[PDB]
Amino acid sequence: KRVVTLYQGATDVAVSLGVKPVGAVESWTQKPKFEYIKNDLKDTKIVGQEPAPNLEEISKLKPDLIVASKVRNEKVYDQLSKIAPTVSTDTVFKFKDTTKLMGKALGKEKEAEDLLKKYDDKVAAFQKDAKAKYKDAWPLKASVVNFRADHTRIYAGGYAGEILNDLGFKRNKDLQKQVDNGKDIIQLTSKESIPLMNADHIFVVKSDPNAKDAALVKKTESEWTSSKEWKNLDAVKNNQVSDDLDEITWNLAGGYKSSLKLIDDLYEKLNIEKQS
């Protein structure tokens, strides 16, 4: 019942299962708690930042359960498990594993099953609706792209890339090979690598517009989206680029609630009728 969650998605999953965490890590933006979930986290103690949560703060909260990840907390498992029974996922973004694991750990197995059913239903309906729209062009190849200060990222795997995969989207062969090799995020510094993001539809995830480098980000985006390689991408030639996707939904929040919002974003951005 008293749970501390050490990554964004676990915090969101706890709330989604009807459990308010007693401690959680600080949100990546909209600090200390994302707007979409802050009302569900009213007396939740912020136990520090996800890269290095404060172990004393966790200890003071006397949790019954700590939800950790290998990627963030690998070097402190011995210390966490001294404080309270600790569960772990390997990554922070596989919200279906987070849901199942925490379902078991919290005695919320039925709640977890209901959540995943609702997700599975929405996915199946989306596949049907997209097929109805795109017909012989379905399944579309997709790529998810994010411009940064000094480089451009493709989110081949990770949070959005897995949801898009559940949803029936494919990848160009070169991008898929990189996913097959355990790459989730690919950093590009050369515009010669731009064909790696080729797709029938490209989704551009917007970085925090309030970031202190928001100016240098627009500049990088400006150069890349003016390049001849970008202009030769299939999605670009066919005017199939979706812009201004919220990074909280598309990457940062990592949890159950975002998965539904992301599917809603796709209905609207792709102008897909949802049949009934």
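In this text, residue numbers run from 1 along the sequence as written.
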Return whichever of 217-225 and 231-239 has the greater mean Cα B factor according to the PDB record. 217-225
State which stretch shows the higher mean Cα B factor in the entry: 104-112 or 157-165. 104-112
According to the Cα B-factor stored in this entry, which of the following is highest: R171, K117, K96, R72? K117
Once the chain's modelled residues are ordered by C-alpha B factor and cut into thirds, is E56 in the lowest, middle or highest one? highest
Taking the values exactly as deposited, rank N39 by C-alpha B-factor within its chain and report the matching third: lowest, middle or highest. highest
Of the three thirds of Cα B-factor ranks in this chain, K206 occupies the middle
Chain thirds by Cα B factor, record data; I185 belongs to the highest
By the entry's values, the third containing the CA B factor of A14 is the lowest
